[PDB]
$ cat coords_10.txt   # compact mmCIF, C-alpha atoms and all ligand atoms
# COMPACT_ATOMS: atom_id res chain seq x y z
CA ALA A 2 9.23 -18.87 4.16
CA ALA A 3 6.31 -16.79 2.84
CA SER A 4 2.70 -17.59 3.78
CA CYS A 5 -0.30 -16.03 2.03
CA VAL A 6 -4.02 -15.35 2.20
CA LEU A 7 -6.75 -16.38 -0.21
CA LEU A 8 -8.57 -13.57 -2.01
CA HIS A 9 -12.25 -13.92 -2.89
CA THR A 10 -11.14 -14.32 -6.53
CA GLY A 11 -9.23 -17.47 -5.62
CA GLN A 12 -5.82 -15.79 -6.01
CA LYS A 13 -3.06 -16.59 -3.52
CA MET A 14 -1.66 -13.31 -2.18
CA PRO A 15 1.57 -13.48 -0.07
CA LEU A 16 1.34 -11.90 3.41
CA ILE A 17 4.63 -10.15 2.76
CA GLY A 18 5.37 -8.04 -0.31
CA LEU A 19 8.03 -5.64 -1.50
CA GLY A 20 6.99 -2.00 -1.25
CA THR A 21 8.50 0.45 -3.74
CA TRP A 22 7.40 3.93 -2.65
CA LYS A 23 10.30 6.35 -3.02
CA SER A 24 12.36 3.41 -4.26
CA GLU A 25 13.84 5.76 -6.86
CA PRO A 26 15.28 4.50 -10.17
CA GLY A 27 18.81 3.13 -10.22
CA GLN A 28 17.98 1.55 -6.88
CA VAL A 29 14.68 -0.35 -7.06
CA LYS A 30 16.02 -2.53 -9.88
CA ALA A 31 18.75 -3.98 -7.69
CA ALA A 32 16.24 -4.30 -4.86
CA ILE A 33 13.69 -6.15 -7.02
CA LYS A 34 16.13 -8.79 -8.32
CA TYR A 35 17.61 -9.55 -4.91
CA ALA A 36 14.17 -9.58 -3.25
CA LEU A 37 13.10 -12.22 -5.77
CA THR A 38 16.18 -14.30 -4.97
CA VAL A 39 15.33 -14.19 -1.24
CA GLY A 40 11.78 -15.42 -1.79
CA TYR A 41 9.66 -12.32 -2.43
CA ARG A 42 6.81 -13.22 -4.77
CA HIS A 43 4.70 -10.15 -4.10
CA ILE A 44 5.71 -6.74 -5.44
CA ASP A 45 3.74 -3.58 -4.68
CA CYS A 46 3.97 -0.77 -7.26
CA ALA A 47 2.35 2.57 -8.22
CA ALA A 48 2.49 4.83 -11.28
CA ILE A 49 2.86 7.92 -9.06
CA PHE A 50 6.06 6.50 -7.56
CA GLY A 51 7.63 7.19 -10.94
CA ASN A 52 9.71 4.01 -11.03
CA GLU A 53 7.61 1.37 -12.81
CA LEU A 54 9.90 1.62 -15.83
CA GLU A 55 12.95 0.42 -13.89
CA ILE A 56 10.79 -2.17 -12.15
CA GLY A 57 9.79 -3.57 -15.53
CA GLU A 58 13.43 -3.98 -16.48
CA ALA A 59 14.17 -5.92 -13.29
CA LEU A 60 11.23 -8.26 -13.86
CA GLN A 61 12.21 -8.55 -17.53
CA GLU A 62 15.38 -10.36 -16.43
CA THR A 63 14.13 -12.34 -13.44
CA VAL A 64 10.58 -13.28 -14.44
CA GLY A 65 9.56 -15.08 -17.61
CA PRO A 66 9.12 -18.43 -19.42
CA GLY A 67 12.85 -18.95 -18.94
CA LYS A 68 14.13 -17.05 -15.89
CA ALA A 69 14.22 -18.38 -12.32
CA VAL A 70 10.73 -17.10 -11.52
CA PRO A 71 7.56 -18.04 -13.49
CA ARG A 72 5.25 -15.08 -14.17
CA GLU A 73 2.29 -16.95 -12.70
CA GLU A 74 4.14 -17.42 -9.41
CA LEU A 75 4.53 -13.67 -8.97
CA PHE A 76 1.88 -11.30 -7.58
CA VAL A 77 2.21 -7.78 -9.03
CA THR A 78 0.20 -4.83 -7.72
CA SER A 79 -0.15 -1.29 -9.01
CA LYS A 80 -2.45 1.70 -8.54
CA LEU A 81 -4.50 4.17 -10.55
CA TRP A 82 -3.29 7.69 -9.81
CA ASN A 83 -5.69 10.52 -8.85
CA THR A 84 -5.41 12.30 -12.22
CA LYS A 85 -6.79 9.27 -14.05
CA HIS A 86 -10.17 8.88 -12.38
CA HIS A 87 -12.20 9.80 -15.45
CA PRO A 88 -13.60 6.56 -16.97
CA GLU A 89 -11.98 7.33 -20.31
CA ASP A 90 -8.48 7.66 -18.82
CA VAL A 91 -8.70 4.48 -16.69
CA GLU A 92 -7.67 1.97 -19.37
CA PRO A 93 -4.94 4.19 -20.84
CA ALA A 94 -3.61 4.65 -17.30
CA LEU A 95 -3.62 0.89 -16.70
CA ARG A 96 -2.09 0.03 -20.08
CA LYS A 97 0.71 2.56 -19.56
CA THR A 98 1.57 0.84 -16.25
CA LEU A 99 1.61 -2.53 -18.04
CA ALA A 100 3.90 -1.01 -20.67
CA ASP A 101 6.33 0.33 -18.10
CA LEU A 102 6.05 -2.87 -16.04
CA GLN A 103 6.37 -4.92 -19.22
CA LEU A 104 3.60 -7.32 -18.16
CA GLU A 105 0.45 -8.65 -19.85
CA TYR A 106 -1.70 -8.34 -16.72
CA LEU A 107 -1.58 -7.09 -13.14
CA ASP A 108 -2.63 -9.40 -10.30
CA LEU A 109 -4.14 -6.49 -8.45
CA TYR A 110 -5.03 -2.97 -9.52
CA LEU A 111 -6.02 -0.48 -6.81
CA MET A 112 -7.57 3.01 -6.93
CA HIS A 113 -4.82 5.00 -5.17
CA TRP A 114 -7.18 7.48 -3.52
CA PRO A 115 -10.97 7.95 -3.50
CA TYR A 116 -10.70 11.58 -4.62
CA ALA A 117 -9.56 12.83 -8.04
CA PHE A 118 -7.13 15.45 -9.38
CA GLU A 119 -7.46 17.50 -12.57
CA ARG A 120 -6.86 15.15 -15.52
CA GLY A 121 -3.74 15.63 -17.61
CA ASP A 122 -0.06 14.67 -17.67
CA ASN A 123 0.77 16.53 -14.46
CA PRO A 124 0.54 14.02 -11.55
CA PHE A 125 0.20 17.00 -9.24
CA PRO A 126 -1.91 19.75 -10.87
CA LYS A 127 -1.37 22.99 -8.97
CA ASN A 128 -2.34 26.53 -9.95
CA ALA A 129 -0.86 29.96 -9.26
CA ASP A 130 -1.10 29.86 -5.47
CA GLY A 131 0.29 26.34 -5.76
CA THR A 132 -2.88 24.69 -4.47
CA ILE A 133 -3.98 21.35 -5.91
CA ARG A 134 -6.64 21.84 -8.57
CA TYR A 135 -8.83 18.80 -7.94
CA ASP A 136 -11.44 17.10 -10.09
CA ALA A 137 -14.98 16.01 -9.19
CA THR A 138 -15.30 12.52 -10.67
CA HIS A 139 -16.89 10.19 -8.13
CA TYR A 140 -15.04 6.99 -7.26
CA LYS A 141 -18.05 4.91 -8.30
CA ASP A 142 -17.66 6.04 -11.91
CA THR A 143 -13.91 5.41 -11.81
CA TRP A 144 -14.72 1.99 -10.31
CA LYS A 145 -17.07 0.84 -13.07
CA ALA A 146 -14.37 1.76 -15.60
CA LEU A 147 -11.91 -0.25 -13.50
CA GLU A 148 -14.27 -3.24 -13.75
CA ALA A 149 -14.02 -3.20 -17.54
CA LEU A 150 -10.35 -4.02 -17.11
CA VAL A 151 -11.01 -7.30 -15.32
CA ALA A 152 -13.36 -8.03 -18.21
CA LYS A 153 -10.61 -7.52 -20.77
CA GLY A 154 -8.41 -9.80 -18.64
CA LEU A 155 -5.91 -6.98 -18.07
CA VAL A 156 -6.29 -7.20 -14.31
CA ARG A 157 -7.15 -10.22 -12.20
CA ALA A 158 -8.39 -8.37 -9.12
CA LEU A 159 -9.36 -4.86 -8.06
CA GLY A 160 -9.04 -3.12 -4.73
CA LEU A 161 -9.22 0.17 -2.89
CA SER A 162 -6.47 2.32 -1.43
CA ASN A 163 -7.10 4.87 1.31
CA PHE A 164 -10.84 4.30 1.29
CA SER A 165 -12.95 4.67 4.43
CA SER A 166 -15.48 2.05 5.54
CA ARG A 167 -18.32 4.23 4.27
CA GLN A 168 -16.65 4.63 0.88
CA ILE A 169 -15.91 0.88 0.75
CA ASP A 170 -19.62 0.13 1.21
CA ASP A 171 -20.41 2.79 -1.38
CA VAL A 172 -18.34 0.86 -3.96
CA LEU A 173 -19.81 -2.48 -2.88
CA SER A 174 -23.38 -1.25 -3.35
CA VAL A 175 -22.92 -0.97 -7.12
CA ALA A 176 -19.97 -3.26 -7.83
CA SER A 177 -20.16 -5.90 -10.59
CA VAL A 178 -16.59 -6.82 -9.64
CA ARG A 179 -16.06 -6.60 -5.89
CA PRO A 180 -12.86 -5.15 -4.38
CA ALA A 181 -10.56 -7.95 -3.23
CA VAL A 182 -8.16 -5.83 -1.20
CA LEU A 183 -8.09 -2.67 0.91
CA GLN A 184 -4.67 -1.03 1.18
CA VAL A 185 -4.17 1.43 4.07
CA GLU A 186 -1.48 2.69 6.44
CA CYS A 187 -1.35 0.16 9.26
CA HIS A 188 1.00 -0.47 12.15
CA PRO A 189 0.87 -0.63 15.97
CA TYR A 190 0.05 3.12 16.30
CA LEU A 191 -2.76 2.88 13.73
CA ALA A 192 -3.92 -0.75 14.15
CA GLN A 193 -6.93 -0.26 11.84
CA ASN A 194 -8.89 -2.82 13.89
CA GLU A 195 -12.28 -1.27 13.09
CA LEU A 196 -11.52 -0.98 9.39
CA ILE A 197 -10.04 -4.50 9.43
CA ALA A 198 -13.16 -5.88 11.09
CA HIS A 199 -15.17 -4.01 8.47
CA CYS A 200 -13.28 -5.54 5.55
CA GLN A 201 -13.56 -9.03 7.05
CA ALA A 202 -17.28 -8.33 7.10
CA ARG A 203 -17.21 -7.32 3.43
CA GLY A 204 -14.87 -10.01 2.17
CA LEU A 205 -11.85 -7.78 1.59
CA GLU A 206 -8.32 -8.63 2.65
CA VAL A 207 -6.20 -5.85 4.16
CA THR A 208 -2.79 -4.68 3.00
CA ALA A 209 -0.74 -2.52 5.31
CA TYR A 210 1.58 0.07 3.82
CA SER A 211 4.11 1.86 6.06
CA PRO A 212 4.11 -1.10 8.52
CA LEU A 213 7.31 0.15 10.14
CA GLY A 214 5.94 3.67 10.31
CA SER A 215 7.71 4.67 7.08
CA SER A 216 10.74 5.54 9.24
CA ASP A 217 10.26 9.19 8.25
CA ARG A 218 7.87 9.17 5.27
CA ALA A 219 8.37 11.64 2.43
CA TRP A 220 7.52 14.36 4.94
CA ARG A 221 7.76 14.28 8.75
CA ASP A 222 9.72 15.73 11.69
CA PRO A 223 8.00 15.32 15.10
CA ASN A 224 10.48 14.30 17.82
CA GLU A 225 8.90 11.22 19.47
CA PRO A 226 7.58 8.62 20.00
CA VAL A 227 9.04 6.37 17.30
CA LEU A 228 7.37 3.09 16.36
CA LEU A 229 10.76 1.38 16.28
CA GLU A 230 12.30 2.20 19.69
CA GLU A 231 9.12 1.46 21.61
CA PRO A 232 10.33 -0.63 24.58
CA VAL A 233 7.91 -3.49 23.79
CA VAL A 234 9.24 -3.75 20.25
CA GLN A 235 12.80 -3.72 21.55
CA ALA A 236 12.02 -6.25 24.30
CA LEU A 237 10.50 -8.67 21.76
CA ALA A 238 13.36 -7.92 19.34
CA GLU A 239 15.75 -9.08 22.05
CA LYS A 240 13.64 -12.06 23.14
CA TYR A 241 13.30 -13.54 19.66
CA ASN A 242 16.70 -12.43 18.42
CA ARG A 243 15.21 -10.34 15.58
CA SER A 244 15.26 -6.71 14.49
CA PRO A 245 12.63 -4.14 15.58
CA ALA A 246 11.14 -4.11 12.07
CA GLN A 247 10.79 -7.89 11.99
CA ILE A 248 8.72 -7.54 15.16
CA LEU A 249 6.44 -4.95 13.51
CA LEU A 250 5.99 -7.09 10.39
CA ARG A 251 5.51 -10.34 12.33
CA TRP A 252 2.74 -8.62 14.29
CA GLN A 253 0.87 -7.96 11.06
CA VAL A 254 1.66 -11.41 9.66
CA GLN A 255 0.35 -13.05 12.82
CA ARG A 256 -2.99 -11.28 12.57
CA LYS A 257 -3.29 -12.21 8.89
CA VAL A 258 -2.73 -8.69 7.62
CA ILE A 259 -0.70 -8.37 4.41
CA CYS A 260 2.38 -6.11 4.56
CA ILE A 261 4.44 -4.67 1.76
CA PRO A 262 7.56 -3.29 3.57
CA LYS A 263 9.70 -1.03 1.41
CA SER A 264 13.48 -1.22 1.35
CA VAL A 265 16.41 -0.82 -1.05
CA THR A 266 18.92 -1.89 1.61
CA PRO A 267 20.45 -5.34 0.90
CA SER A 268 20.49 -6.53 4.52
CA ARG A 269 16.90 -5.55 5.32
CA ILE A 270 15.19 -6.96 2.24
CA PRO A 271 15.70 -10.60 3.33
CA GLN A 272 14.95 -9.80 6.97
CA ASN A 273 11.58 -8.20 6.16
CA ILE A 274 10.30 -11.43 4.69
CA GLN A 275 11.91 -13.63 7.34
CA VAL A 276 9.01 -13.32 9.78
CA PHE A 277 7.44 -16.77 9.43
CA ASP A 278 9.63 -18.88 11.72
CA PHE A 279 8.80 -17.24 15.06
CA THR A 280 5.61 -16.38 16.90
CA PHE A 281 4.38 -14.07 19.61
CA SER A 282 2.26 -15.41 22.45
CA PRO A 283 -1.24 -14.02 23.03
CA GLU A 284 0.06 -11.73 25.80
CA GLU A 285 2.72 -10.21 23.54
CA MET A 286 0.03 -9.62 20.87
CA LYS A 287 -1.97 -7.87 23.58
CA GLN A 288 1.09 -5.75 24.44
CA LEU A 289 1.56 -4.76 20.80
CA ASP A 290 -2.19 -4.13 20.47
CA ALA A 291 -1.91 -1.66 23.39
CA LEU A 292 0.32 0.56 21.23
CA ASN A 293 -2.78 1.62 19.33
CA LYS A 294 -3.53 5.35 19.44
CA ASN A 295 -5.39 6.00 16.17
CA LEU A 296 -2.43 7.98 14.81
CA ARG A 297 -1.77 8.19 11.07
CA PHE A 298 1.45 9.54 9.58
CA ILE A 299 0.76 9.41 5.83
CA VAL A 300 -1.09 12.71 5.38
CA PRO A 301 -0.12 16.04 3.63
CA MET A 302 1.81 19.14 4.64
CA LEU A 303 0.59 22.34 2.96
CA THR A 304 1.93 24.22 5.99
CA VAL A 305 -0.36 27.08 7.03
CA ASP A 306 0.52 29.68 9.66
CA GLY A 307 3.29 27.53 11.11
CA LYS A 308 0.85 24.63 11.37
CA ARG A 309 0.71 21.24 9.63
CA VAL A 310 -2.77 20.57 8.26
CA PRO A 311 -4.21 18.05 5.76
CA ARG A 312 -3.91 19.41 2.23
CA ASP A 313 -6.88 17.59 0.70
CA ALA A 314 -9.16 17.51 3.75
CA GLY A 315 -11.39 19.89 1.80
CA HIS A 316 -12.24 17.41 -0.94
CA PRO A 317 -15.82 16.10 -0.60
CA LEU A 318 -14.46 12.58 -1.14
CA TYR A 319 -11.68 12.89 1.46
CA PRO A 320 -11.30 9.53 3.26
CA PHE A 321 -10.11 10.63 6.69
CA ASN A 322 -12.97 12.72 8.05
CA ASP A 323 -14.88 9.74 9.46
CA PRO A 324 -13.49 7.73 12.40
CA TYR A 325 -12.73 4.89 9.97
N1 LIG B 401 -1.45 2.87 -1.39
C1 LIG B 401 -0.79 3.93 -0.90
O1 LIG B 401 -1.42 4.99 -0.81
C2 LIG B 401 0.62 3.82 -0.50
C3 LIG B 401 1.30 4.94 0.02
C4 LIG B 401 2.60 4.91 0.42
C5 LIG B 401 3.29 3.71 0.32
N2 LIG B 401 2.67 2.55 -0.19
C6 LIG B 401 3.32 1.22 -0.35
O2 LIG B 401 3.77 0.70 0.92
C7 LIG B 401 5.15 0.36 0.83
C8 LIG B 401 5.80 0.51 2.22
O3 LIG B 401 5.39 1.69 2.92
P1 LIG B 401 6.44 2.84 3.33
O4 LIG B 401 7.58 2.70 2.35
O5 LIG B 401 5.84 4.17 3.48
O6 LIG B 401 7.09 2.51 4.75
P2 LIG B 401 7.73 1.25 5.53
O7 LIG B 401 7.81 0.07 4.70
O8 LIG B 401 7.05 1.15 6.87
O9 LIG B 401 9.19 1.90 5.85
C9 LIG B 401 10.15 2.15 4.82
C10 LIG B 401 11.36 2.78 5.47
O10 LIG B 401 11.86 1.85 6.44
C11 LIG B 401 13.22 1.51 6.14
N3 LIG B 401 13.33 0.04 6.44
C12 LIG B 401 12.97 -1.04 5.64
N4 LIG B 401 13.19 -2.19 6.21
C13 LIG B 401 13.71 -1.88 7.44
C14 LIG B 401 14.14 -2.69 8.51
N5 LIG B 401 14.09 -4.00 8.45
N6 LIG B 401 14.62 -2.07 9.63
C15 LIG B 401 14.67 -0.71 9.70
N7 LIG B 401 14.28 0.13 8.73
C16 LIG B 401 13.80 -0.53 7.61
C17 LIG B 401 13.40 1.90 4.68
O11 LIG B 401 14.78 2.23 4.48
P3 LIG B 401 15.63 1.61 3.27
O12 LIG B 401 14.81 1.59 2.02
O13 LIG B 401 16.73 2.57 3.26
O14 LIG B 401 16.01 0.28 3.78
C18 LIG B 401 12.46 3.07 4.51
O15 LIG B 401 13.13 4.32 4.83
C19 LIG B 401 5.67 1.34 -0.22
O16 LIG B 401 6.97 1.05 -0.75
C20 LIG B 401 4.60 1.27 -1.28
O17 LIG B 401 4.68 0.14 -2.13
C21 LIG B 401 1.33 2.57 -0.61

$ encode --input "coords_10.txt" --output "structure tokens" --more "lines below"
Ligand SMILES: NC(=O)c1ccc[n+]([C@@H]2O[C@H](COP(=O)([O-])OP(=O)(O)OC[C@H]3O[C@@H](n4cnc5c(N)ncnc54)[C@H](OP(=O)(O)O)[C@@H]3O)[C@@H](O)[C@H]2O)c1
Amino acid sequence: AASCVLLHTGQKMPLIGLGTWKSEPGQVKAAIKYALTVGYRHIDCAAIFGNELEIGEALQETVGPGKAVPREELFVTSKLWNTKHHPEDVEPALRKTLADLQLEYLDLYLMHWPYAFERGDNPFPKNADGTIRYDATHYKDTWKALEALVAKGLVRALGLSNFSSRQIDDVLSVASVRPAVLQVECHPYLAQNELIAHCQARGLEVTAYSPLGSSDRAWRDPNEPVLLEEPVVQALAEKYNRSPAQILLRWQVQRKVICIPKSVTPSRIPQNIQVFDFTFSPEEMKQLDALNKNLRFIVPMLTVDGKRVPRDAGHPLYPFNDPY
């Protein structure tokens, strides 16, 4: 039970994938192997997560010309970190990921963010005051260097992560290799309808990260409301005899949006992919659609005067200034 969408490159990309953000080492390995046993065929990774090494070890014993899962039947994604936007660094950054992942090619390689950070070995270049010392490379230059990778057959498809509609069109206006996927935060509170309509218009499929709301991200502490716990989600969870998260994921699945739910919990892993045997009626979709309130949770902290404000909102290539 795992449907998929067809990318413009002709690749079959499963609607459900295994997220690995914060899936620390000594934990993601166990998660990966079990996920594969339960049907997962789509794994979502990132160099910044600092766990691709352990992921490579899991795939080294579950995927191969002998294991239970053929390499070609797996869809592996990864992303180019912000400190590797300079054209020169792009291939070394990709290769490194392949080394850690122990693969010969990625099925999808995404630019993690449209804005760059000072190049170097420090994933988070700060200075004195502790502020992030950015870089000025434009995403279009990083993108052309990313295209050379598809040429060398190191990556089958390219995509964008955290890009705005304007930035997406900016890449499309000069692309020799067109983005196949747009990965953004997406769930009932941030439905991304406008962006989704935009991508459909540009031939890009949409991947939703933090589909459950990230439960509490790597930084958050409001007080309410909580995506899970919304009465509609609970009502549907009761009606279809499924967990609140399955309801959130099914919602995305039903509207053809790819989801890469993250989990290192044995009992949730199989549940997060088991969202293909039930369906919501049009009215229930409407009810879930009504939860939309253009609210995004995956943004910075850099607390200032007892106030939470975006840390990188100052970057000229910041993706969240425009409506979408
Ligand atoms: N491109 C980007 O910029 C970007 C950024 C961030 C993340 N991502 C990707 O998106 C993936 C998922 O996003 P996300 O991890 O932020 O959030 P998410 O998948 O919405 O939520 C993950 C949290 O939900 C819990 N959870 C998982 N399944 C559950 C279930 N069935 N019921 C209740 N709780 C459940 C997890 O706990 P346990 O693990 O303890 O089960 C974890 O604390 C990441 O792993 C990563 O691959 C991409």

$ residues_around --input "coords_10.txt" --residues "residue 192 (chain A)" --least-positions-apart "6" --cutoff "9 Å" --atoms "all atoms listed in the file" --output "PyMOL selection string"
chain A and resi 186+290+292-296

$ residues_near_ligand --input "coords_10.txt" --ligand "ligand LIG 401 (chain B)" --cutoff "6 Å" --atoms "only C-alpha atoms and all ligand atoms" --output "ChimeraX atom specification"
/A:20-22,45-46,113,162,184,210-216,218,246,261-266,269,273

$ residues_near_point --input "coords_10.txt" --point "(6.4, -11.4, -12.5)" --cutoff "10 Å" --atoms "all atoms listed in the file" --output "number ranges by chain"
A: 37, 42-44, 57, 59-65, 70-77, 102-108

$ write_last_selection --input "coords_10.txt" --atoms "C-alpha atoms" --output "tab-separated table (two decimals), in the frame of the given file"
chain	number	residue	atom	x	y	z
A	37	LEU	CA	13.10	-12.22	-5.77
A	42	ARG	CA	6.81	-13.22	-4.77
A	43	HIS	CA	4.70	-10.15	-4.10
A	44	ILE	CA	5.71	-6.74	-5.44
A	57	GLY	CA	9.79	-3.57	-15.53
A	59	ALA	CA	14.17	-5.92	-13.29
A	60	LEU	CA	11.23	-8.26	-13.86
A	61	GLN	CA	12.21	-8.55	-17.53
A	62	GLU	CA	15.38	-10.36	-16.43
A	63	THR	CA	14.13	-12.34	-13.44
A	64	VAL	CA	10.58	-13.28	-14.44
A	65	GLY	CA	9.56	-15.08	-17.61
A	70	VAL	CA	10.73	-17.10	-11.52
A	71	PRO	CA	7.56	-18.04	-13.49
A	72	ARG	CA	5.25	-15.08	-14.17
A	73	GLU	CA	2.29	-16.95	-12.70
A	74	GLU	CA	4.14	-17.42	-9.41
A	75	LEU	CA	4.53	-13.67	-8.97
A	76	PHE	CA	1.88	-11.30	-7.58
A	77	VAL	CA	2.21	-7.78	-9.03
A	102	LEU	CA	6.05	-2.87	-16.04
A	103	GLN	CA	6.37	-4.92	-19.22
A	104	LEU	CA	3.60	-7.32	-18.16
A	105	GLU	CA	0.45	-8.65	-19.85
A	106	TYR	CA	-1.70	-8.34	-16.72
A	107	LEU	CA	-1.58	-7.09	-13.14
A	108	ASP	CA	-2.63	-9.40	-10.30

$ atom_distance --input "coords_10.txt" --atom1 "CA of residue 48 (chain A)" --atom2 "CA of residue 134 (chain A)"
19.5 Å

$ residues_around --input "coords_10.txt" --residues "residue 50 (chain A)" --least-positions-apart "4" --cutoff "12 Å" --atoms "all atoms listed in the file" --output "count of residues only"
21

$ atom_distance --input "coords_10.txt" --atom1 "CA of residue 51 (chain A)" --atom2 "CA of residue 180 (chain A)"
24.8 Å

$ residues_around --input "coords_10.txt" --residues "residue 163 (chain A)" --least-positions-apart "5" --cutoff "10 Å" --atoms "only C-alpha atoms" --output "VMD selection string"
chain A and resid 111 to 116 168 to 169 183 to 186 319 to 321

$ residues_near_point --input "coords_10.txt" --point "(1.6, -16.3, -2.3)" --cutoff "10 Å" --atoms "all atoms listed in the file" --output "PDB file with C-alpha atoms, in the frame of the given file"
ATOM      1  CA  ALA A   3       6.310 -16.790   2.840  1.00  0.00           C
ATOM      2  CA  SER A   4       2.700 -17.590   3.780  1.00  0.00           C
ATOM      3  CA  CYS A   5      -0.300 -16.030   2.030  1.00  0.00           C
ATOM      4  CA  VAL A   6      -4.020 -15.350   2.200  1.00  0.00           C
ATOM      5  CA  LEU A   7      -6.750 -16.380  -0.210  1.00  0.00           C
ATOM      6  CA  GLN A  12      -5.820 -15.790  -6.010  1.00  0.00           C
ATOM      7  CA  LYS A  13      -3.060 -16.590  -3.520  1.00  0.00           C
ATOM      8  CA  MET A  14      -1.660 -13.310  -2.180  1.00  0.00           C
ATOM      9  CA  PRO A  15       1.570 -13.480  -0.070  1.00  0.00           C
ATOM     10  CA  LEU A  16       1.340 -11.900   3.410  1.00  0.00           C
ATOM     11  CA  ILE A  17       4.630 -10.150   2.760  1.00  0.00           C
ATOM     12  CA  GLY A  18       5.370  -8.040  -0.310  1.00  0.00           C
ATOM     13  CA  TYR A  41       9.660 -12.320  -2.430  1.00  0.00           C
ATOM     14  CA  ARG A  42       6.810 -13.220  -4.770  1.00  0.00           C
ATOM     15  CA  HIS A  43       4.700 -10.150  -4.100  1.00  0.00           C
ATOM     16  CA  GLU A  74       4.140 -17.420  -9.410  1.00  0.00           C
ATOM     17  CA  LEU A  75       4.530 -13.670  -8.970  1.00  0.00           C
ATOM     18  CA  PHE A  76       1.880 -11.300  -7.580  1.00  0.00           C
TER      19      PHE A  76
END
